[PDB]
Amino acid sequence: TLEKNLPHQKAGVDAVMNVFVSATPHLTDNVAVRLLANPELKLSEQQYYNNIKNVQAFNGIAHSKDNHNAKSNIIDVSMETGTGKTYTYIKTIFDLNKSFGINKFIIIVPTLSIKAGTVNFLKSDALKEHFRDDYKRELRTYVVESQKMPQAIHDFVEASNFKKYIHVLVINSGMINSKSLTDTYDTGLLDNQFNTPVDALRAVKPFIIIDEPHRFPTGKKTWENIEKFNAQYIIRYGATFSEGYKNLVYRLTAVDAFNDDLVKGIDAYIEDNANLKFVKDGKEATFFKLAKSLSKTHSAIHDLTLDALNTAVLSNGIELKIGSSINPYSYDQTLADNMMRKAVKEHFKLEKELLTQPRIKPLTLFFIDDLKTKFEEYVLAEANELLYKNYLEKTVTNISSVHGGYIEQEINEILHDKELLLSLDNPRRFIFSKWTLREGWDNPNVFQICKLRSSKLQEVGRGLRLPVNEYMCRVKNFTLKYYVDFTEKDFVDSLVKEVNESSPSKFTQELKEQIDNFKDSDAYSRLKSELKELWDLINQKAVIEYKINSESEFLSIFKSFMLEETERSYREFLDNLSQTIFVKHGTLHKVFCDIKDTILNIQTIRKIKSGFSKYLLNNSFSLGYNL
């Protein structure tokens, strides 16, 4: 279920859309290329300068030298982790398509996990249904994949404009940097002109989106390759701009996210010295030097051995250069067993709280590096003690020991099992994931992250999102419990500083811690006419009813408003209008036929909505039916 419409999201959509006021879409003379390439969206330097200044002013962004640049087609959007930046850039793609008919976009991602997560979301039925209702558009997705002439590129370049389809190329950094894109082929694309993938993509005149712009440093290779596309405009989205801004259009910070409770609060748990450095294979211990691959002891460090030497590579994937250390007390059996036991006890305290309420299915995520029978024991014990859906859920948890479960293929399997994990039909709630797979977790119902054999904002962000109820809908104030080592004591102080530093000021004292109107009053009076008697009236629900006995009668009410507001395809206009106001296609057409005006744009539709709503309030017959 896609959340519409979140104010912090709609604000970012509008902030990119406002940059293109008075922009003109210029079609090519070439009849063949017109069907495959994008229209050239041209607008003057002054126009573009003025459009940005007005956006910055409205959004409360300082019109400084570091925040704007009229000699740059790069537009910037800043949104913190767990605020829906992906949904926002996708909704903007649909808006640039609605207003200008831009139908070909390149989504540039820096990682395979972000590529897998972006594609999953783009292909999902809930997204498809959401955007087909609101725009009467279909998105065709072309994913550039390493084969272990790229088909995604051929198909994206070759795809026809002829009108319900938006075409989108999803590509990662590794593929942008591959020779596969620079090479010459026997095959020609774009009216048989280009034998190179980059020349074929450049000719499409694309609009490029950059996900996490801090992973594309402007002076470096990846960015220089993106420059080769001679893109119309580049829209960068992220929480980190380590090289500053180009044209900052929107900023939703980490303090705003935590403060306006758009994200879960944090409840940190610190579970309670030595260092084994890699010398030259000789390893120095400070709590004596040992030689060398076999199991590392050297202490009690459980379950860890050397795999490669030159740098030394450990059994969990930890690569040590000559000088790199590791605290051997991190791998202690008692310390983990303790961390795991504590998270289980805290989960059931939250489980009986959420599953006895509509119900919310909570999840606990454990992060392993590479004892296991204990977990079951602990769950079983806490279940038999705590003995009504959670009574039957505990009964199934006792009757079975499948309450727990466990690189590009592995992330895909996580994303696949997503709807399954949130289903109250299956008992699985505890998840064991290797640290290397962390990038593939962003599950709203994860209420506990437990780093077992271990930016703080990035790691908490995996469980920051607002959870969904049994009816798969976001709850309309929860907290994520985070479990850390004895090694991390400054955790809440270092995270509270990190959130503040990233962002007159804030941040909430409670969030991250250790565990016109006169018309409205007349209407409220119309319905109205210890536990107190006033409580019984203030809690009795009713439903609005409009007393208009004829469509011919309604027609005259909308006509009056239309004439009073004289100071301001046609088919696509009326369809978009009906869906917003809501009034009959025939009655809107009838008034417009009578009226001495002439249509047709999104600005006109937005004025009729805002205007007619006010008119409706200011005037008068209406009611309230007892519901």
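Numbering starts at 1 and runs along the sequence shown.
Is there a break between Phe287 and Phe288, and how many deposited residues does it span: none, 1 to 3, 4 to 9, or 10 or more?
In the deposited sequence, 10 or more residues between these two have no coordinates.
Please classify the coordinate gap between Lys292 and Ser293 in terms of deposited residues: none, 1 to 3, 4 to 9, or 10 or more.
According to the record, 1 to 3 deposited residues lack coordinates from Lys292 to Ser293.
Decide which of the stretches 481 to 489 and 441 to 449 has the higher mean C-alpha B-factor, going by the entry.
According to the PDB entry, the answer is 481 to 489.
Do the C-alpha atoms of 559 to 567 or of 30 to 38 have the higher average B factor in the entry?
It is 559 to 567.
Between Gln193, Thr311, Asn177, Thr92, which one tops the list for Cα B-factor in this entry?
If I rank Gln193, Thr311, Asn177, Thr92 by C-alpha B-factor, first place goes to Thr311.
Which one of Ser521, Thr364, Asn73, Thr184 shows the biggest C-alpha B-factor in the PDB entry?
Across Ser521, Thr364, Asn73, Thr184, the entry lists the biggest C-alpha B-factor for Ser521.
Among all modelled residues of this chain, ranked by Cα B factor, put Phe432 in the bottom, middle or top third, i.e. lowest, middle or highest.
Its C-alpha B-factor belongs to the middle third of this chain's values.
Looking at the temperature factor on the CA atom of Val55, which third of the chain's modelled residues does it land in?
CA B-factor rank for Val55: middle third.
Lowest, middle or highest third: which one holds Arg251 when the chain's residues are ordered by CA B-factor from the entry?
It belongs to the lowest third of the chain when residues are ordered by C-alpha B-factor.
Is the Cα B-factor recorded for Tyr87 in the lowest, middle or highest third of its chain?
Lowest third of the chain for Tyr87's C-alpha B-factor.
Split the chain's modelled residues into thirds by Cα B-factor; is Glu553 in the lowest, middle or highest one?
Middle third by C-alpha B-factor.
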